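Under our numbering, the first residue of the sequence shown is numbered 1, with each subsequent residue one higher.
Remarks on the structure that follows.
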Amino acid sequence: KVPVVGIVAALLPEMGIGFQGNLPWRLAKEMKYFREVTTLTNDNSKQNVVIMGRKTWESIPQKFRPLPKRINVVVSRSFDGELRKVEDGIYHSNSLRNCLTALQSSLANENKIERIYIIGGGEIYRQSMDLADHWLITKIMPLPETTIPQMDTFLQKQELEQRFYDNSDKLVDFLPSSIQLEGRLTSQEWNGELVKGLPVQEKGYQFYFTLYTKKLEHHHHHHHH
Ligand SMILES: NC(=O)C1=CN([C@@H]2O[C@H](COP(=O)(O)OP(=O)(O)OC[C@H]3O[C@@H](n4cnc5c(N)ncnc54)[C@H](OP(=O)(O)O)[C@@H]3O)[C@@H](O)[C@H]2O)C=CC1
Ligand SMILES: COc1cc(-c2ccccc2)cc([C@@H](C)C#Cc2c(C)nc(N)nc2N)c1
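Dropping the structure here:
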């Protein structure tokens, strides 16, 4: 019952997110959004968790890891079990799924996690479509003059739009209430797709903060004793 939220910056239309182990852009404003969203809580006595794969961990500059003021979890199949403190601010897990179950125990967590953010990378996100309750996706578009950057890692847009709908009308309300956003909400056609969310521009790019929410489910089975 703590929300699990995938958070990702992706280039349209392919939803590219990475190239040779690194982000394909450096956008200070996007990074500020990610920082504030994953750090900030509505309740001052809680922190959020950020969960990431080993390769993503290794790409964060050494001065900036672990990410401050958030519980960091790194997942590697070569680690020891399902959630182990290895250093201040650092947990290792050998299982994305079992670490989420572990993080959800109110006995372990004392109800002092607000949200669990899944912060990448590709392999991790592949596995999170059936785990996340919401996705915060920054939809990035090169302006007409901008060279499209090369990329090698992609968000699974098909599987996204299967399970989730664009709930960006509720993005403002979904974010911790102290964040301040520059744009107003905004529906724009771009290459035949509808892009809705909160606009910024930086460097060669325009980008929208968007929110995706699980679609309604039929009631097929509830488990009884
Ligand atoms: N634009 C964006 O918002 C973001 C983009 N990225 C990008 O993504 C790319 C990195 O993605 P990718 O290469 O797929 O790597 P990941 O960051 O997803 O790491 C993959 C590694 O995580 C571990 N892992 C994966 N699944 C599990 C599991 N179920 N249980 C335990 N461990 C698991 C394995 O570690 P091991 O090999 O040790 O066993 C695996 O090799 C980079 O280009 C990066 O820049 C990353 C974050 C955000
Ligand atoms: C691939 O190299 C990376 C470097 C950093 C990083 C770079 C500088 C300072 C702190 C972190 C963060 C990341 C990851 C953890 C991220 C991210 C992320 C961003 C920037 N935006 C959105 N919307 N979602 C994310 N998950 C990766």
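All C-beta atoms in this analysis are idealised placements derived from N, C-alpha and C, irrespective of residue type, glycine included.
| query | result |
| --- | --- |
| Proximity test, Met-52 beta-carbon vs ligand 1 heavy atom, cut-off 7 Å | yes |
| Nearest neighbour of residue 233, chosen from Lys-29, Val-37, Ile-17 and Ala-9 [CA to CA] | Only positions 1 to 225 of the chain appear in this structure, which leaves residue 233 out of reach. |
| heavy atom of ligand 1 below 7 Å from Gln-180 C-beta | no |
| Reduced DSSP category for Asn-22 - H, G, I as helix; E, B as strand; rest coil | strand |
| For ligand 2, residues whose Cβ lies under 6 Å from any non-hydrogen atom | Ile-7, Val-8, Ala-9, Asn-22, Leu-23, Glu-30, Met-31, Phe-34, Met-52, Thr-56, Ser-59, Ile-60, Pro-61, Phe-64, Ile-119, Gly-120 and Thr-138 |
| Cβ neighbours of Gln-127 in the same chain (closer than 6 Å, five flanking residues each side left out) | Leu-96 |
| Spatial neighbours of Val-75 in its chain, beta-carbon cut-off 6 Å, leaving aside the 5 residues before and after | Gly-53, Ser-93 and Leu-96 |
| Distance cut-off 7 Å: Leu-12 Cβ against heavy atoms of ligand 1 | no |
| Cβ-based burial, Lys-85 [other Cβ within 10 Å; buried from 16] | exposed |
| Simplified DSSP assignment, three categories, for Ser-93 | strand |
| One or two residues paired with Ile-140 in a DSSP bridge | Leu-11 and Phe-207 |
| Check: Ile-124 C-beta below 7 Å from any heavy atom of ligand 1 | yes |
| CB contact flag (residue 229, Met-15, <8 Å) | Residue coverage of the chain in this structure runs from 1 to 225, which leaves residue 229 outside it and unanswerable. |
| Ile-17 Cβ short of 7 Å to ligand 1 heavy atom set | yes |
| Cα-Cα separation between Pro-66 and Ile-119, rounded to whole angstroms | 13 Å |
| Sequence-distant residues of its chain with Cβ nearer than 8 Å to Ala-28 (five each side left out) | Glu-202 |
| Limits of the unbroken beta strand (DSSP E) element including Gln-158 | It is not in any beta strand (DSSP E) - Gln-158 instead sits in the alpha helix (DSSP H) that spans 157-163. |
| Nonlocal neighbours in the same chain, by C-beta distance under 6 Å from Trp-57, ignoring five residues either side | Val-74 |
| Contact test: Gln-127 Cβ vs ligand 1 heavy atom, cutoff 7 Å | yes |
| Beta-carbon separation (whole angstroms), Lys-215 vs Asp-166, contact threshold 8 Å | No, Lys-215 and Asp-166 are not in contact; Cβ-Cβ is about 11 Å, not under 8 Å. |
| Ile-148, DSSP secondary structure in three states | coil |
| DSSP three-state assignment for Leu-100, whether helix, strand or coil | helix |
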